[PDB]
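What follows is each chain in one-letter form.
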Amino acid sequence: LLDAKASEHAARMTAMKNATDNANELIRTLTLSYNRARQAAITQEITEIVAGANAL
Amino acid sequence: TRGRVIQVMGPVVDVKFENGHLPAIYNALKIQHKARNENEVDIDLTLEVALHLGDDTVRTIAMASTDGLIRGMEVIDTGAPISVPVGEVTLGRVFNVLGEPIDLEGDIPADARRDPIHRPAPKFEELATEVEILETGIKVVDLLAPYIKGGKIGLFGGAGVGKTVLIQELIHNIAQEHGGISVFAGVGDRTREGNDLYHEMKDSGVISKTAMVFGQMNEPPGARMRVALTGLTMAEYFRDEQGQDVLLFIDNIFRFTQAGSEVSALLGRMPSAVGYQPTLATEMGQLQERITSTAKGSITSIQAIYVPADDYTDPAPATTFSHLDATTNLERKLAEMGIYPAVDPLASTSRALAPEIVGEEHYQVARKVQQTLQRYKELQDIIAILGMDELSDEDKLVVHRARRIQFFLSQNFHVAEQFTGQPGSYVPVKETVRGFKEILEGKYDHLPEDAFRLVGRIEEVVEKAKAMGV
Amino acid sequence: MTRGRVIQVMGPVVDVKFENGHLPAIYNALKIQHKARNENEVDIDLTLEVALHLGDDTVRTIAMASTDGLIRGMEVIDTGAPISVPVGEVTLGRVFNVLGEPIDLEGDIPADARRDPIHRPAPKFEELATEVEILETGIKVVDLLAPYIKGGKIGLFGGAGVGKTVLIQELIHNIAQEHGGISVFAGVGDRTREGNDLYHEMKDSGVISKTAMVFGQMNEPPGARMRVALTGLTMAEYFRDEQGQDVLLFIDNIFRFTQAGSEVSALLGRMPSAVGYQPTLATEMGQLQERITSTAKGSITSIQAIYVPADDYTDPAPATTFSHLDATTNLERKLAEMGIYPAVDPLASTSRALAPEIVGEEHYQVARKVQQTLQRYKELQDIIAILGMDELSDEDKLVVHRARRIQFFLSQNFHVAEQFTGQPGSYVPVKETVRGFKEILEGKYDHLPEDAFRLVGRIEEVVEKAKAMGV
Amino acid sequence: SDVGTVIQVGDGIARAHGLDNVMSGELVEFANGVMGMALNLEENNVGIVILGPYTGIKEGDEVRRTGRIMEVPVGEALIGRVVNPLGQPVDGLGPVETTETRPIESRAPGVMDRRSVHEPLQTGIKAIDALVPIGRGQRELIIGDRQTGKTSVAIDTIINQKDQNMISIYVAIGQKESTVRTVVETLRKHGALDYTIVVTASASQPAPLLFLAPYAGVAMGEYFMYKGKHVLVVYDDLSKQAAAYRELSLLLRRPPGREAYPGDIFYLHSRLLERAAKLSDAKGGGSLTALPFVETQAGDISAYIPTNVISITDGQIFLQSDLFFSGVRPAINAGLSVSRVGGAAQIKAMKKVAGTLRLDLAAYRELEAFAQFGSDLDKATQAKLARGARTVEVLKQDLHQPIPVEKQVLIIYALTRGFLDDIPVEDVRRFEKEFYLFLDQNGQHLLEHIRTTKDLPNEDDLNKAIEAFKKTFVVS
Ligand SMILES: Nc1ncnc2c1ncn2[C@@H]1O[C@H](COP(=O)(O)OP(=O)(O)OP(=O)(O)O)[C@@H](O)[C@H]1O
Ligand SMILES: Nc1ncnc2c1ncn2[C@@H]1O[C@H](COP(=O)(O)OP(=O)(O)OP(=O)(O)O)[C@@H](O)[C@H]1O
Ligand SMILES: Nc1ncnc2c1ncn2[C@@H]1O[C@H](COP(=O)(O)OP(=O)(O)OP(=O)(O)O)[C@@H](O)[C@H]1O
Ligand SMILES: [Mg+2]
Ligand SMILES: [Mg+2]
Ligand SMILES: [Mg+2]
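Residues numbered from 1 in each chain as written, not as in the entry; some residues may be left out. Chains lettered and ligands numbered in written order. Part of a larger assembly, values for the part shown. Heavy atoms only, no water.

The name the PDB entry gives chain B is ATP synthase subunit beta, with Bacillus sp. as the organism. What the PDB entry is called, per its title line, is "PS3 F1-ATPase Hydrolysis Dwell". Looking at the Subcellular location (unreviewed entry) heading of the UniProt record, one finds this comment for chain B: "Cell membrane". (UniProt positions renumbered as here; feature names shortened; annotations may be inferred.)

Going by the annotation in the PDB entry, the name recorded for chain A is ATP synthase gamma chain, with Bacillus sp. given as the source organism.

Encoded structure:
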């Protein structure tokens, strides 16, 4: 039981270290997709506006 | 002094009045032509002045199709805005935008009074702002966003969410009791729902106390914009001169905002934001600031508002939120889970949820429910990735109660007799407070969760469970 | 005077005033031949194609070669007809430009040989023929999941550098040897190096005698690139109708036809649409691709490479061409970077030949069951991205093991890959491809490791590749 | 006078000078014999759209006024022929030999000229008939991503309408011509063409005819409708009509909008879709009914053109790619698919047997999401998780295999009342086929009563028949 409980606590700790590291990597990868999408939405709205303005 | 057509640009038309006696903005014009030869088509048309251009020429928006229009025709100037029959003659009848009766019932006499559709709004010297609570019998509204008697009520939602199935439930409950006129203004709605409502009103007998203005999805844009104002002039006459209290039901006020866009480019306006008119706030304000309850008499006004692309951050809804007193937002995610009515219990708000306007016992229970459902929202992210067993006893007990609260906000309506078989229920307010208090205190937590779906009173939930075998 | 003058110049575009009452038709061709009369001026040969009648006797003409050196006041002649391309047996074994001139340095085509127009009307409803039989390429993923059809349209979508041209060369190698029929290779928007490499491959093979080639490449002016696809197809249409032979048409990059139209359109006096594209995208694409059809007289099979602007399949030009194609394979960047060659998306790719009666019930049940395992693992992927496979239980574990086996067993060794990796290639017949997937699906090969399932042709090859490792 | 002259020619749009007495919406005839429609009328320039090949129209050529508003040919002779949007035969087989014409810009039946939907349109697909029911006079949307089952649900419907005195129209907008010939050969094989009309607008045609094709299709069906016979109409893509008018309006230089669509998209689609109705007994009680289709990029419900059309219709059937690839075909999401007339459009038996199944199949879908994250569960949830899995298998059905309505009600009765609970999930499709065989050989009385009465027989007899078959069954 001494070895079993000690080994269970260590196993959760690395599983938690790796889980946190995967999550933080996914946050930077997702964050860049949001910034590329945000800059495209602001270049579409300005081209539709200017396309109507040039016609009139 | 007559006029001549020069440009026909789809919905817009342009007219030159050579004499110099030009019309004025918002005036109405007549085109009556009998065909000279076989090639032509007979035309009868009304048009409204929008803009004065330079060369003695005026832009006009039509109230019927511009098919068969030929350059050089004749336009007669009435000299006034569109004029609508107002009086006891309106009651029990269906009319077009121009006050001509659509119904086969008969024809209005030319001796009748008519009033003009355009008028400045009521003033700070004579508006009023007392609060009372209007009972509806719908659990979500009666607890978390009580409708205020004499105040503006807004149902917001995207396509296919539950808005018209609420207006019909309020019409069963409020219409008969609330003695006084009711007006219905169907802006941009299907003609399969206009027919169904006429027969629903004929069955019950609400027709004698009602007047209806219908403009459906298939009309030219101009007719769809000026259908809101026609209903409003009738309700205004009943508020001011007769002095009876009145109800207004307006269906899809977004279709008013959308029509302006279609005609904006052909009028010569530059575009703004997400393809919207350079004058959105200004038109919404003019229409909405007339719909008020004055010192003379009260208009309760109930509206469906369409959220243009499932985006509540769009200009037309954002501009609309500034005008209401109570608002329920309908969400498709709830409609997917089958929780009807699909009302957001957090995003819905009212000016009547104040400790003195509803009572201390009511307010305590209402805010406590809103803490439970906000806690369930953040916790769902943790459950979705890590799993529910990982969490504490207090977190488990929140998820337990929040599931039951969210399903017990669903209800069996009489208009859902067609959609769900089961007949329907009316829950008085005192009962709703008792029951929600029991859920929060844990008394009924032994029962299985499926028993709380589409039931009206908590008594019923106990029996429904018995059938399951618990 | 049927002669005209140039009034304006705007890159690809030119404007030509003609005499009153004598204007060219709307797809008609013009000629400028000018000899320098002073040191300052320069000499020109050029041809142009009419596109719009603009008023005031004027016409707007796109140009088929560079407009550098044009002077206003130059004299323009009228051919009287569309661009006319030499057709007949004389085309076989030769390399061409858009104008129809031979660029192979083997001579010039005799002036009495018949030349037919480029722009002709599309085939009628009474004539078209519909049938289905299956064309066999030996490539595992196509043969099971999305089989190609004789007499159809085959489209290979993918972004920059994702493997379209190598798959085309493998198709040329297997099919054009077995075909017994005419072939046309048409290159719109492709490198001018790959043209030469393919020419030497065809001469060394001896396959050149039965094929003809049109090239217009990345360097050419925008106008020439549009008309090159139409040029290749008028030769192919003679082989299907008048010789009566069955034909293969290979198109190197069909995206460049839309792209070229975009550049010239803004300069013609047209308003934009969508992501800056032209306002005539659907009609322009459809006019070309409706001509490429099987008929009662004979059959054409077209294999086309479609570029995607970014790895984004929502763009206006790819999305419209999806509606025109009978069989489609989509090549994905993620899989290519993992090391899966060819990089076909198993769930996005489709075919009309996947139906019990066409394929047989055994093939149909095997293909659908493979696509069900792959969709479950595209949902498990959201949770295994973070936690790993401890969270997964029971069926989740067994499904991920079999999905890993399937995804590597769709990868193959190609004869055209020998120039990149030293391995020999493999051809897998259809009856063999179906048998292997079934043993993987049953679980008969659960013990063998995942690295033994990569770059092989038949299940027997996986067993010897595992035995080399001993794992 | 009535003669004018062309000044600009390009891309299917032309501008004329003169033609002073023209109307908006007229037909105009060029010298080549190609026809055209006037859509704009400025002070000096008439704007004309060409309805044919424009490669022969030169500047200064004459154009002359017909005197007719846009008219589509109608008559009984069109049935069984493949035709153009203009009344011109395409299949070969000679002239159409029509008798009269109708405008393509008709007004819709007004309020007080219509009635409620009360009679079924039995499609022969279990999911559509049971969960999202269709009645005569409804407008119903099939929405989905590419390759999901849209054309097949529409054709299976036409095939299962042979007995009823129905007339069907199939309008192919933007489709490659080979596919339409394939559809026609498929109808001819199932014998469907004898009571159908096919209207074709292939991707090679000028966009104006694509734009006119849906209107021509309803103009042809309303003729039958006002005469009293019931009619059905299918539009293969309305998203390709939206493209075609975007292109036309951009050539006529009307300013853009949300994306590049004009604002008159809502008007265009409503004009078309509100001519579908159930007329009242004074009008003779006919019915049109309509099936638009709409393809969405990324399989997404939340977008401009999809949400506009989801506002005009009387329901939707949303088909999902992940359901389709996961073994559920036809792939219908019960949570996002709703019928706004559902309940009146069913026979009395199916109302009683299957009234709340759509809400029930949505509760199962949500609870399944929760339990993939819940570990151990209680008895009431394991029971409801079982019934949900058994229901999704009873709803599965292969291509070109219709099931009659009396058989649909009996298998749905076994599911709702618990008879299928013992049968493992894998055997539910097999138990269905064996049950239909047993019902035909032995149980003629129960089916007789359903065809005779449109109502359910005595429970004891039904329980007896189904319990007896459960004795006969052999299970894995
Ligand atoms: N209270 C309810 N009980 C049961 N089912 C409901 C309820 N409300 C809506 N539904 C279901 O969802 C559908 C929503 O129809 P509804 O008329 O409410 O849409 P809508 O929000 O009015 O659409 P639009 O914005 O175009 O008017 C109903 O036809 C029914 O299928
Ligand atoms: N089957 C294959 N096996 C191994 N490597 C391959 C395979 N196919 C392609 N590659 C490699 O990936 C690239 C494929 O080049 P290829 O010209 O086919 O790409 P492409 O998509 O046609 O390029 P572009 O988009 O510029 O036209 C090369 O680097 C090549 O070595
Ligand atoms: N019930 C079914 N069972 C099995 N396969 C089916 C079923 N219904 C349709 N399919 C198959 O699914 C595909 C549907 O093709 P179909 O052309 O009907 O779809 P579509 O969405 O119209 O395609 P497109 O987007 O090209 O128009 C075909 O492979 C068809 O055979
Ligand atoms: Mg509604
Ligand atoms: Mg390449
Ligand atoms: Mg289809």
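Having seen the model, we can carry on.
*Asks:* An account of the sheet that holds strand β13 (residues 230-235) of chain D is requested, with residue identities and associated values reported.
*Replies:* All names here are of chain D. If you trace the eight strands from one edge of the open sheet to the other, you get β8-β12-β11-β13-β14-β10-β15-β16, paired in mixed fashion. Among the strands making up the open sheet, the edge pair consists of β8 (82-83) and β16 (338-339). Pairing of strand β11 (residues 166-173) with β13 involves six bridges; the strand directions are parallel. Looking at β13, one finds that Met 166 is bridged to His 230. In this fold helix α7 (residues 304-312) packs onto β10 (141-144), β14 (290-295) and β15 (315-318), with an angle of close to 160 degrees to the strand it touches most, β10. (Pairing = 2+ DSSP bridges. Helix = DSSP H or I, 4+ residues; strand = E, 2+ residues; numbered from the N terminus. Contact = heavy atoms within 4.5 Å. Axes fitted to C-alpha atoms, helices over the stretch in contact; angles between N-to-C directions.)

*Asks:* Before we move on, can you summarise helix α11 (residues 379-394) of chain D with the specific residues and values?
*Replies:* Residues and elements named next belong to chain D. For α11, which comprises 16 residues, the first-to-last C-alpha distance of 23 Å matches the rise-based estimate of 22 Å (1.5 Å per residue) to within 8%. When α11 is considered as a whole, its buried residues turn out to be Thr 381, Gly 388, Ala 389, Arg 390, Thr 391, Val 392, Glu 393 and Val 394. Packing partners of the buried residues in α11 comprise α1 (126-131), α10 (357-371), α12 (405-416) and α13 (428-441). (Expected span 1.5 Å × (residues − 1). Buried < 20%, exposed > 50% of the residue type's maximum accessible area, 1.4 Å probe, protein only.)

*Asks:* Describe in detail the sheet that holds strand β12 (residues 210-216) of chain B, supporting the description with residues and values.
*Replies:* All names here are of chain B. Taken together, the eight strands give an open sheet; going across it, the order is β8-β12-β11-β13-β14-β10-β15-β16, and neighbouring strands pair in mixed fashion. Strand pairing shows two members of the sheet lacking a second neighbour, β8 (94-95) and β16 (349-350), which therefore form its edges. In terms of strand pairing, β8 meets β12 through two bridges, oriented parallel. Each bridged residue has a counterpart across the sheet, and for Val 94 the counterpart in β12 is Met 212. The strands touched by helix α5 (residues 227-242) within the sheet are β8, β11 (182-189), β12, β13 (246-251) and β14 (299-306), with β11 carrying the most contacts at an inclination of about 175 degrees.

*Asks:* Break down the interface of chain B and chain D for me, with residues and values.
*Replies:* In this assembly, 64 residues from chain B lie in contact with 60 residues from chain D. Across the interface of chain B and chain D, roughly 5,300 Å² is buried in total on both sides, 54% from carbon and sulfur atoms. A per-residue breakdown of the area chain B buries against chain D is headed by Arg 71, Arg 190 and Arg 192 of chain B, which together make up 13% of the total. Taken together, the connections running from chain B to chain D amount to three salt bridges. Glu 366 of chain D serves as the salt-bridge partner of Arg 403 of chain B, at 2.5 Å between the closest nitrogen and oxygen. Linking chain B with chain D are 16 residue pairs in polar contact. Secondary-structure elements contributing two or more residues to the side of chain B that touches chain D are β1 (3-9), α3 (191-204), α4 (221-225), α6 (254-267), α9 (332-337), α11 (360-386), α12 (393-408) and α13 (417-420) of chain B. The dominant element in the side of chain B that touches chain D, judged by the number of residues it contributes, is α3 of chain B, at five residues. Residue composition of the side of chain B that touches chain D, grouped by class: 31 nonpolar, 15 polar and 18 charged. (Buried area = accessible area lost by both parts, 1.4 Å probe. Salt bridge = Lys/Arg side-chain N within 4 Å of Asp/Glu carboxyl O. Polar contact = N/O pair within 3.5 Å; in protein donor to acceptor, adjacent residues only side chain to side chain. Nonpolar A, V, L, I, M, F, W, Y, C, P; charged D, E, K, R; others polar.)

*Asks:* Break down the site of ligand 3 for me, with residues and values.
*Replies:* All names here are of chain D. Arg 146, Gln 147, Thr 148, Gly 149, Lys 150, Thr 151, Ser 152, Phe 324, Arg 329, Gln 397, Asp 398 and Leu 399 make up every residue found near ligand 3. Backbone polar atom of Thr 148 to an oxygen atom of ligand 3: 3.3 Å apart, as the coordinates give it. Between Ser 152 and ligand 3, the recorded distance is 2.8 Å, taken from a side-chain N or O atom to an oxygen atom. Taking 640 Å² as the accessible area of ligand 3 by itself, protein coverage stands at 73%. Counting residues per element, the shell around ligand 3 draws most heavily on helix α2 (residues 150-159), which supplies three residues. A class-by-class count of the residues in the shell around ligand 3 yields two nonpolar, six polar and four charged. (Near = heavy atom within 4 Å. Areas by Shrake-Rupley, 256 points an atom, 1.4 Å probe, with all protein chains shown as cover.)

*Asks:* If you had to explain the packing of aromatic side chains to someone new, which residues and values would you point to?
*Replies:* Evaluated as defined, the whole model comprises 23 aromatic pairs over all chains. Look at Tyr 313 of chain C and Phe 322 of chain C: their rings are 6.4 Å apart centre to centre, the planes differ by 40 degrees, and that puts the pair in the tilted class. Neither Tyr 313 of chain C nor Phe 322 of chain C differs from the other in exposure class; each is buried. A network of ring pairs unites the aromatic residues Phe 431, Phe 435, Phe 438, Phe 469 and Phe 473 of chain D as a single cluster. When the ring centre of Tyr 306 of chain B is taken as reference, the NZ or CZ atom of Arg 255 of chain B above it lies at 4.8 Å. In this structure, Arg 329 of chain D is placed above the aromatic ring of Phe 324 of chain D, and the distance from its NZ or CZ to the ring centre is 4.8 Å. (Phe/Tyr/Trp six-rings, centres within 6.5 Å; stacked < 30°, edge-to-face > 60°. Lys NZ or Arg CZ within 6 Å of the ring centre and 35° of its normal.)

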